[PDB]
Each structure stands twice: as structure tokens, then as C-alpha cells.
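Text of coords_5.pdb (PDB, C-alpha atoms and all ligand atoms) as supplied:
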```
ATOM      1  CA  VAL A   3       1.103 -20.884   5.710
ATOM      2  CA  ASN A   4       1.879 -17.301   6.838
ATOM      3  CA  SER A   5       1.301 -15.248  10.017
ATOM      4  CA  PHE A   6      -1.422 -12.873   8.766
ATOM      5  CA  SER A   7      -4.473 -13.276  11.043
ATOM      6  CA  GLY A   8      -8.146 -12.274  10.918
ATOM      7  CA  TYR A   9      -8.348 -11.518   7.133
ATOM      8  CA  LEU A  10     -11.387 -12.080   4.940
ATOM      9  CA  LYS A  11     -10.497 -13.906   1.722
ATOM     10  CA  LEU A  12     -11.744 -12.041  -1.348
ATOM     11  CA  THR A  13     -10.108 -14.142  -4.043
ATOM     12  CA  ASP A  14      -7.466 -16.816  -4.522
ATOM     13  CA  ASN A  15      -4.750 -14.246  -3.710
ATOM     14  CA  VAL A  16      -6.347 -11.124  -2.139
ATOM     15  CA  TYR A  17      -7.229 -10.804   1.558
ATOM     16  CA  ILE A  18      -8.651  -7.824   3.473
ATOM     17  CA  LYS A  19      -8.912  -6.680   7.063
ATOM     18  CA  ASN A  20     -10.069  -3.630   9.005
ATOM     19  CA  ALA A  21      -6.706  -2.730  10.510
ATOM     20  CA  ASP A  22      -4.165   0.026  11.052
ATOM     21  CA  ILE A  23      -1.351  -0.886   8.647
ATOM     22  CA  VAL A  24       1.191   0.482  11.142
ATOM     23  CA  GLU A  25      -0.050  -1.812  13.905
ATOM     24  CA  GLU A  26      -0.348  -4.724  11.505
ATOM     25  CA  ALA A  27       3.228  -4.194  10.312
ATOM     26  CA  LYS A  28       4.551  -3.955  13.880
ATOM     27  CA  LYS A  29       2.882  -7.300  14.729
ATOM     28  CA  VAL A  30       3.567  -9.321  11.603
ATOM     29  CA  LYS A  31       6.950  -7.865  10.543
ATOM     30  CA  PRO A  32       6.136  -8.824   6.939
ATOM     31  CA  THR A  33       8.811  -9.217   4.295
ATOM     32  CA  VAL A  34       7.209  -6.286   2.424
ATOM     33  CA  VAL A  35       5.007  -3.417   3.588
ATOM     34  CA  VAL A  36       3.700  -1.101   0.867
ATOM     35  CA  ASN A  37       3.775   2.654   1.372
ATOM     36  CA  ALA A  38       1.319   4.994  -0.374
ATOM     37  CA  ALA A  39       4.150   7.216  -1.583
ATOM     38  CA  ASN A  40       4.402  10.329  -3.728
ATOM     39  CA  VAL A  41       7.086  10.895  -6.363
ATOM     40  CA  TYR A  42       9.225  12.972  -3.961
ATOM     41  CA  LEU A  43       8.985  10.402  -1.137
ATOM     42  CA  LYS A  44       7.726  13.180   1.124
ATOM     43  CA  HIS A  45       5.894  11.164   3.774
ATOM     44  CA  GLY A  46       3.748  13.902   5.228
ATOM     45  CA  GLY A  47       0.321  12.418   5.792
ATOM     46  CA  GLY A  48      -2.057   9.589   5.107
ATOM     47  CA  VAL A  49      -0.525   6.130   5.186
ATOM     48  CA  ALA A  50       2.940   7.504   4.392
ATOM     49  CA  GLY A  51       2.908   9.988   7.248
ATOM     50  CA  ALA A  52       1.792   7.249   9.628
ATOM     51  CA  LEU A  53       4.432   4.737   8.495
ATOM     52  CA  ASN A  54       7.216   7.359   8.660
ATOM     53  CA  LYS A  55       6.183   8.518  12.154
ATOM     54  CA  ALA A  56       6.331   4.894  13.339
ATOM     55  CA  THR A  57       9.983   4.734  12.131
ATOM     56  CA  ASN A  58      10.867   7.876  14.145
ATOM     57  CA  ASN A  59      11.520   9.673  10.799
ATOM     58  CA  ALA A  60      14.172   7.133   9.681
ATOM     59  CA  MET A  61      12.054   6.373   6.605
ATOM     60  CA  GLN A  62      12.161  10.064   5.614
ATOM     61  CA  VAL A  63      15.939  10.299   6.168
ATOM     62  CA  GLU A  64      16.536   7.260   3.948
ATOM     63  CA  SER A  65      14.066   8.577   1.368
ATOM     64  CA  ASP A  66      15.756  11.977   1.156
ATOM     65  CA  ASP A  67      19.069  10.291   0.344
ATOM     66  CA  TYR A  68      17.315   8.116  -2.286
ATOM     67  CA  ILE A  69      15.837  11.184  -4.018
ATOM     68  CA  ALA A  70      19.092  13.135  -3.862
ATOM     69  CA  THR A  71      20.810  10.265  -5.709
ATOM     70  CA  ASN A  72      18.080   9.094  -8.107
ATOM     71  CA  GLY A  73      15.560  11.913  -8.532
ATOM     72  CA  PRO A  74      11.785  11.524  -8.248
ATOM     73  CA  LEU A  75       9.811   8.394  -8.949
ATOM     74  CA  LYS A  76       7.254   8.161 -11.759
ATOM     75  CA  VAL A  77       3.528   8.158 -11.043
ATOM     76  CA  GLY A  78       2.739   4.443 -11.296
ATOM     77  CA  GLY A  79       6.294   3.559 -10.252
ATOM     78  CA  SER A  80       7.991   2.269  -7.134
ATOM     79  CA  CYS A  81      11.231   1.699  -5.293
ATOM     80  CA  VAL A  82      12.297  -0.784  -2.623
ATOM     81  CA  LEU A  83      13.841   0.703   0.523
ATOM     82  CA  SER A  84      14.298  -0.489   4.094
ATOM     83  CA  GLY A  85      11.302  -1.510   6.171
ATOM     84  CA  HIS A  86      13.032  -0.166   9.296
ATOM     85  CA  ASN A  87      11.244  -1.448  12.434
ATOM     86  CA  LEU A  88       8.076  -2.306  10.475
ATOM     87  CA  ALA A  89       9.091  -4.901   7.851
ATOM     88  CA  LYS A  90      12.144  -6.251   6.067
ATOM     89  CA  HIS A  91      11.473  -3.975   3.079
ATOM     90  CA  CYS A  92       9.181  -1.093   2.239
ATOM     91  CA  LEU A  93       7.869  -0.967  -1.325
ATOM     92  CA  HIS A  94       7.129   2.713  -1.939
ATOM     93  CA  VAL A  95       4.439   2.768  -4.656
ATOM     94  CA  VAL A  96       3.106   5.953  -6.274
ATOM     95  CA  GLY A  97      -0.573   5.743  -7.132
ATOM     96  CA  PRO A  98      -2.143   8.618  -9.063
ATOM     97  CA  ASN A  99      -3.342  11.456  -6.837
ATOM     98  CA  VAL A 100      -6.740  12.588  -8.103
ATOM     99  CA  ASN A 101      -6.338  15.786  -6.083
ATOM    100  CA  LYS A 102      -3.385  16.556  -8.407
ATOM    101  CA  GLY A 103      -5.256  15.649 -11.610
ATOM    102  CA  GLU A 104      -3.263  12.490 -12.334
ATOM    103  CA  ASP A 105      -4.615   9.877 -14.731
ATOM    104  CA  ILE A 106      -6.536   7.163 -12.885
ATOM    105  CA  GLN A 107      -5.496   4.620 -15.527
ATOM    106  CA  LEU A 108      -2.056   4.774 -13.888
ATOM    107  CA  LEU A 109      -3.572   2.945 -10.907
ATOM    108  CA  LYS A 110      -3.195  -0.370 -12.755
ATOM    109  CA  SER A 111       0.492   0.380 -13.442
ATOM    110  CA  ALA A 112       0.949   1.179  -9.742
ATOM    111  CA  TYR A 113      -0.526  -2.163  -8.649
ATOM    112  CA  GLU A 114       1.651  -4.046 -11.175
ATOM    113  CA  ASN A 115       4.619  -3.282  -8.901
ATOM    114  CA  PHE A 116       3.116  -5.664  -6.328
ATOM    115  CA  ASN A 117       3.679  -8.616  -8.719
ATOM    116  CA  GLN A 118       7.444  -8.393  -8.094
ATOM    117  CA  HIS A 119       6.866  -9.610  -4.493
ATOM    118  CA  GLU A 120       5.403 -12.955  -3.487
ATOM    119  CA  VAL A 121       3.607 -11.634  -0.361
ATOM    120  CA  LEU A 122       2.807  -8.047   0.702
ATOM    121  CA  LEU A 123       0.980  -6.070   3.378
ATOM    122  CA  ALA A 124      -0.556  -3.056   1.678
ATOM    123  CA  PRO A 125      -3.094  -0.237   1.697
ATOM    124  CA  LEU A 126      -5.483   0.422  -1.158
ATOM    125  CA  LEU A 127      -3.521   2.512  -3.641
ATOM    126  CA  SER A 128      -4.807   6.010  -4.430
ATOM    127  CA  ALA A 129      -7.391   5.793  -1.618
ATOM    128  CA  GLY A 130      -7.636   8.179   1.315
ATOM    129  CA  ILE A 131      -6.003  11.547   0.692
ATOM    130  CA  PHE A 132      -5.048  10.474  -2.855
ATOM    131  CA  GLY A 133      -8.695  11.002  -3.776
ATOM    132  CA  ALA A 134      -9.659   7.891  -5.745
ATOM    133  CA  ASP A 135     -12.719   5.737  -5.111
ATOM    134  CA  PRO A 136     -11.541   2.896  -2.818
ATOM    135  CA  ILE A 137     -14.099   0.500  -4.321
ATOM    136  CA  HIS A 138     -12.436   1.132  -7.664
ATOM    137  CA  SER A 139      -8.986   0.727  -6.119
ATOM    138  CA  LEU A 140      -9.968  -2.664  -4.688
ATOM    139  CA  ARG A 141     -11.312  -3.770  -8.074
ATOM    140  CA  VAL A 142      -8.071  -2.776  -9.843
ATOM    141  CA  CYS A 143      -6.066  -4.552  -7.134
ATOM    142  CA  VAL A 144      -7.986  -7.814  -7.558
ATOM    143  CA  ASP A 145      -7.769  -7.609 -11.356
ATOM    144  CA  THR A 146      -4.030  -6.729 -11.449
ATOM    145  CA  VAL A 147      -2.175  -8.295  -8.526
ATOM    146  CA  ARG A 148      -1.437 -12.005  -8.883
ATOM    147  CA  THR A 149       0.827 -12.364  -5.835
ATOM    148  CA  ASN A 150      -0.532 -12.691  -2.305
ATOM    149  CA  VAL A 151      -1.709  -9.337  -0.971
ATOM    150  CA  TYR A 152      -3.030  -8.593   2.527
ATOM    151  CA  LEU A 153      -4.932  -5.301   2.450
ATOM    152  CA  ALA A 154      -5.298  -3.214   5.576
ATOM    153  CA  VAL A 155      -8.213  -0.762   5.572
ATOM    154  CA  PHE A 156      -8.057   1.738   8.432
ATOM    155  CA  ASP A 157     -11.687   2.915   8.358
ATOM    156  CA  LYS A 158     -14.197   0.346   9.644
ATOM    157  CA  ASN A 159     -17.101   1.975   7.807
ATOM    158  CA  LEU A 160     -15.154   1.807   4.579
ATOM    159  CA  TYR A 161     -14.048  -1.769   5.264
ATOM    160  CA  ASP A 162     -17.675  -2.869   5.670
ATOM    161  CA  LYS A 163     -18.641  -1.072   2.457
ATOM    162  CA  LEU A 164     -15.737  -2.635   0.523
ATOM    163  CA  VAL A 165     -16.728  -6.142   1.645
ATOM    164  CA  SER A 166     -20.474  -5.672   1.152
ATOM    165  CA  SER A 167     -20.056  -4.270  -2.384
ATOM    166  CA  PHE A 168     -17.364  -6.712  -3.569
ATOM    167  CA  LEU A 169     -18.249  -8.624  -6.724
TER     168      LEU A 169
HETATM  169  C1  LIG B 201      -6.190   4.795   1.212
HETATM  170  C2  LIG B 201      -5.763   5.449   2.539
HETATM  171  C3  LIG B 201      -5.526   4.318   3.544
HETATM  172  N1  LIG B 201      -5.132   4.847   4.847
HETATM  173  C4  LIG B 201      -4.718   3.864   5.817
HETATM  174  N2  LIG B 201      -4.915   2.579   5.531
HETATM  175  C5  LIG B 201      -4.566   1.642   6.401
HETATM  176  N3  LIG B 201      -4.030   1.964   7.556
HETATM  177  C6  LIG B 201      -3.797   3.245   7.905
HETATM  178  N4  LIG B 201      -3.261   3.774   9.020
HETATM  179  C7  LIG B 201      -3.222   5.122   8.935
HETATM  180  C8  LIG B 201      -2.758   6.087   9.855
HETATM  181  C9  LIG B 201      -2.830   7.432   9.536
HETATM  182  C10 LIG B 201      -3.367   7.826   8.305
HETATM  183  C11 LIG B 201      -3.835   6.878   7.392
HETATM  184  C12 LIG B 201      -3.759   5.501   7.722
HETATM  185  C13 LIG B 201      -4.136   4.259   7.045
HETATM  186  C14 LIG B 201      -6.232   5.745   5.246
HETATM  187  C15 LIG B 201      -6.539   6.854   4.221
HETATM  188  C16 LIG B 201      -5.368   7.868   4.207
HETATM  189  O1  LIG B 201      -5.404   8.614   3.021
HETATM  190  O2  LIG B 201      -6.747   6.342   2.947
END
```

Translate the structure of the given file into C-alpha cells.
Amino acid sequence: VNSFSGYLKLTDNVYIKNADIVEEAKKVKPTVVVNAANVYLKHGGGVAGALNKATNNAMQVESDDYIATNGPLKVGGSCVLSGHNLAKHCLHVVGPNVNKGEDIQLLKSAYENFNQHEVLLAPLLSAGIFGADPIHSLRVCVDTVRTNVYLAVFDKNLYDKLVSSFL
């Protein structure tokens, strides 16, 4: 039993809710919140900008030190950093950004990072300002992630479409 509340069950291991991931993280304080990161960990907008703002920019400060030491992530890759006031840990995962021309096949590699964590609160990778089809992102998630994932979808219209079209 865990503390996630109000989710619709899509599969054995995938759950979904119309929610603001920032507000959901503040309430649940999950072990892991996933950030929709880019390779530079520049958290300017979308989910990343929202999560960083909620940490009062501490996420960005920590991220800048990470990049200065380690260099950029790979598209499809991830790193574990602090969750600050939102979670124990933040798993920064880089989905392909269609608006940069990145290969959508890398979306599966991105979701594979979730399998290193037993339970996660997450957004749909590559959705929103990353330009992929969220219906496709949900399908890849369900077909790739085997650990327990609680998906927060900010847009109610999109949430209803994701549920109604789910096979
Ligand atoms: C695939 C993404 C998912 N994004 C979200 N998902 C869940 N909670 C969220 N809170 C936010 C606050 C500000 C901006 C974005 C979000 C957001 C929306 C959109 C952004 O590119 O597309």
C-alpha cells in the first residue's frame, strides 16, 4: 500500500491522474519524482521549469554543479539528484525533443530508466513542449516500465483523451 490517491489504474503497474506534478509531489513526498529534463539540466520551462521554481531554484543550482563535474547527459539517459522539498530524489530523465529533431525511438530508452526505481511519480516523457504525441508516450510507458509508475497529466482535456483512447 502507498499514499498515491485518486489514480485510475491502467495496467498492473501504471496509474494515471489529472494532476499538477508539483502539487502532487508536495503532497505525497514520493521517494522519486521524475523531471522532464534536457541534456544540460537547464530547467527553463515545461515540467522542469515548474519543478525547479517550486524548489526556489535549488534544483538548478545543484544541476549546474552536476554538469560542471560530469558534462551533459545523453538523450535517453538520466541522473539521480536531490528531490529537495518535493521528494527524496529527483530522477532527471531526458526524453527526445521532437522540436530538436531527436529520434523518437529514444523514448523507449528514456522510459527504461524508470525500471531502476520501484515506485515513481512522473510526467509523460517527451510530451508537452518536447513535442511528441502524448498518446504515443503513454503507450511506450506501459510497454516499457515494469515498476510502479504514477503518471501526473496537467491538462484535463489531455487526461480525458489519454484515458478514453487507452487500449
Ligand atoms: C508532457 C508535459 C507535461 N507537463 C506537466 N505535466 C504534469 N504536471 C505539470 N505541471 C506543470 C507546470 C508547468 C508546466 C508544465 C507542467 C506539467 C505539461 C506539458 C509541458 O510541456 O507537457

(request) Considering all atoms listed in the file, state which residue in the set A:99, A:62, A:167, A:139 is at the smallest distance from residue 153 of chain A. (result) A:139

(request) Identify, counting only C-alpha atoms and all ligand atoms, the protein, DNA and RNA residues located within 7 Å of ligand LIG 201 (chain B), and give them as a PyMOL selection string. (result) chain A and resi 21-24+47-49+51-52+125-132+136+154-157

(request) Mind giving me the straight-line distance from atom CA of residue 109 of chain A to atom CA of residue 97 of chain A in Å, one decimal? (result) 5.6 Å

(request) With the file shown as input, list the residues that the PyMOL selection byres (((chain A and resi 147) around 9) and not hetatm) selects, as JSON, numbers by chain. (result) {"A": [15, 16, 113, 114, 115, 116, 117, 142, 143, 144, 145, 146, 148, 149, 150, 151]}

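The space between atom CA of residue 33 of chain A and atom CA of residue 122 of chain A spans 7.1 Å.
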
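Around the coordinate (7.4, 16.3, 8.7), residues that reach within 12 Å when counting only C-alpha atoms are residues 43, 44, 45, 46, 47, 50, 51, 52, 53, 54, 55, 58, 59, 60, 61, 62 and 63 of chain A.
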
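For the pair atom CA of residue 110 of chain A and atom CA of residue 78 of chain A, the separation is 7.8 Å.
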
(request) Can you pull out every residue within 12 Å of residue 82 of chain A, counting all atoms listed in the file, but drop anything in the same chain fewer than 6 positions away, and send it as a PyMOL selection string? (result) chain A and resi 33-37+39+43+61+64-65+68+75+89-96+115-116+118-119

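If all atoms listed in the file are the atoms counted, then among A:56, A:26, A:166, A:134 the closest residue to residue 9 of chain A is A:26.
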